[PDB]
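Novice: Have a look at this fold, sequence not included:
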């Protein structure tokens, strides 16, 4: 047995930016641990590199995505962004289902 | 001003992926007729380009690229590439309302 074929989504924010697995995982991990340093640790990166992803997220949109507290959290908007990316993933999977079947039939068994 | 754009990659567990690098490589083989010209276009060594070709020719039940120097897509390969373009369109259409919501919340800057 191996795992199924799986589409993965990223969205380009031209010119400089992206929203994909790395920023979504950070967001999910902030929702779960309440900590930027913990999320960075989980993802095997320095606090600097993690914090720069946070900083990117807080300048990509009209509202902040992550905020401090008494020490981090998703804002109302951040939670909305995360749910909408999850929905996009679901919608993409639905749309590509037949294409995946064709890839799967054509995939080398080994 | 530039538009948000969803991008597709497909995981081939374990360890493999079909995304922008391999698709760009297929598209370049089609346009140039050679692996080496395609590697140069992507700014990678021939060796790296040849390993992408080799990975593609082992992901599926038949080869994607064949020697034509020279190289071309096989009929299956040309269909794979057309299929990925179809998947991109299908994804763009399914995500259209979502991309709009992203555009509306985007930083004016």
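Specialist: Arrived safely. Numbers count the residues shown, from 1 in each chain, chains lettered A, B, ... in the order given.
Novice: going forward, measure contacts and count neighbours with C-alpha atoms only.
Specialist: Will do.
Novice: which residue is nearest the middle of chain A?
Specialist: Closest to where the C-alpha atoms of chain A average out (CA atoms, centre = their mean) is residue A:24, at 1.9 Å.
Novice: Which residue is the nearest non-sequential neighbour of that residue?
Specialist: In space, and not counting its chain neighbours, residue A:24 is closest to residue A:82: 6.8 Å by CA to CA, 6 or more residues apart in numbering or on different chains.
Novice: got the contact list for that neighbour?
Specialist: Contacts for residue A:82 (CA atoms under 8 Å, 6 or more residues apart in numbering or on different chains) come out as A:24, A:27, A:28.
Novice: in whatever helix or strand the first one lives in, what's buried?
Specialist: Right, residue A:24. Per DSSP states H and E, residue A:24 falls inside helix A:21-33. Using 16 or more other CA atoms under 10 Å in any protein chain shown as the test for burial, helix A:21-33 gives A:23, A:24, A:26, A:27, A:29, A:30, A:31.
Novice: Tell me the first helix or strand C-terminal of that helix.
Specialist: Next helix or strand after helix A:21-33 toward the C-terminus (DSSP H and E): helix A:36-42.
Novice: Other residues contacting that following helix?
Specialist: By CA under 8 Å, 6+ apart, helix A:36-42 touches A:26, A:29, A:30, A:33, A:46, A:47, A:49, A:50, A:51, A:71, A:72.
Novice: how does it look with 7 Å?
Specialist: Contacting residues not belonging to helix A:36-42 are listed as A:26, A:29, A:30, A:46, A:47, A:50, A:51, A:72 [CA atoms under 7 Å, 6 or more residues apart in numbering or on different chains].
Novice: Would you mind naming what in chain A lies close to chain B?
Specialist: With CA under 7 Å from any CA of the partner chain as the criterion, chain A meets chain B at residues A:2-14, A:59-62, A:88, A:91-92, A:95-96, A:99, A:106-108.
Novice: Would you show me how to pick out the buried ones of those residues in ChimeraX?
Specialist: Per 16+ other CA under 10 Å, the buried members of these correspond to this ChimeraX selection:
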select /A:5,6,7,8,9,10,11,12,13,60,61,88,91,92,95,96,99,107
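Novice: Just the ones in strands from the residues of chain A next to chain B, please.
Specialist: The strands, defined by DSSP state E, take in A:6, A:7, A:8, A:9, A:10, A:11, A:12, A:13 from the residues of chain A next to chain B.
Novice: So what pairs up with the last one in the strands?
Specialist: Right, the one you point to is residue A:13. residue A:17 (DSSP bridges).
Novice: and what of the first one?
Specialist: Here residue A:6 sits in beta bridges with residue B:11, going by DSSP bridges.
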